[PDB]
């Protein structure tokens, strides 16, 4: 239920969001937004970003060939235990590997068997992807030639690649939305590592092949012109039909089901225990 705004002023109007363009004033209820995508020629006010962050909404600045910038709130969860579970899973090598296995395995339509050697799955994924690219290139009619990322080549982005990248930007925005709205951290990456938003990519990879590739190929099969926008429409139709944002939330919760384990008391750490917070102690 995300919303894309370009060439408009976004401010807080009447306790909600107001987008001022040449058409006048459009008011949008912030209840179901998830992501507010700001295209080029857009200015937003401190109050609008404050309200969106407070309502557990993320702001994603997408561009005309640029980087990715995400505005991050504080989440809908009051004091997330989910984050403590994420940190414990990330910090323990065995649980870490288990989460990595989970993330790789969830990308296959037909579920896999239990006996399946590690680092083989990480290679099996690769053929799926490649065969999905080939499947939709044969289906639509658009030649593939591979993705624009490789080594030793700065081959120009063909339209399908550009559609892939735009839809990827939007999918990453939604991934960030669900991650920070459920109280997780984008920085605790399991497959992607080193960046404060790695987990976003970890989550988005689970739905790239299911939603992005068909939308991009179907958009380039008809257009080859103005894809960056029509891919957004096709991806919107595919996300609000499969109820992705809810599915993502479900996967984010169920993803950590292995190890162990109001709203203003507090706490106090002890060795494998905790004392009550907010009390005087000494003599």
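Positions refer to the first chain, counted from 1.
S.K.: Going by the PDB record, how many residues of the deposited sequence fall between residue 261 and residue 262 without any coordinates: none, 1 to 3, 4 to 9, or 10 or more?
M.R.: Going from residue 261 to residue 262, the model skips 10 or more residues of the deposited sequence.
S.K.: For the higher mean C-alpha B factor in the entry, choose 116-124 or 183-191.
M.R.: Looking at the recorded C-alpha B-factors, 116-124 comes out higher on average.
S.K.: Between 273-281 and 3-11, which has the higher average C-alpha B-factor in the PDB entry?
M.R.: Here the higher of the two C-alpha B-factor means belongs to 273-281.
S.K.: Reading the B-factor column of the entry, which of 72, 198, 79, 165 has the highest value at its C-alpha atom?
M.R.: Of the candidates given, the C-alpha B-factor peaks at 79.
S.K.: For the listed residues 239, 60, 220, 48, which one has the largest C-alpha B-factor as given in the deposited model?
M.R.: It is 239.
S.K.: Would you mind ranking residue 40 by its C-alpha B-factor against the rest of the chain and naming the third, lowest, middle or highest?
M.R.: Residue 40: CA B-factor falls in the lowest third of its chain.
S.K.: Comparing against every modelled residue in the chain, figure out the third that the C-alpha B-factor of residue 252 lands in (lowest, middle or highest).
M.R.: It falls in the middle third of the chain.
S.K.: When the deposited Cα B-factors of this chain's modelled residues are ordered and cut into thirds, is residue 94 in the lowest, the middle or the highest one?
M.R.: Tercile = highest for this residue's CA B-factor.
S.K.: Would you mind ranking residue 136 by its C-alpha B-factor against the rest of the chain and naming the third, lowest, middle or highest?
M.R.: Tercile = middle for this residue's CA B-factor.
S.K.: State the tercile, meaning the lowest, middle or highest third, of residue 212 with respect to the CA B-factors recorded for its chain.
M.R.: Its C-alpha B-factor belongs to the middle third of this chain's values.
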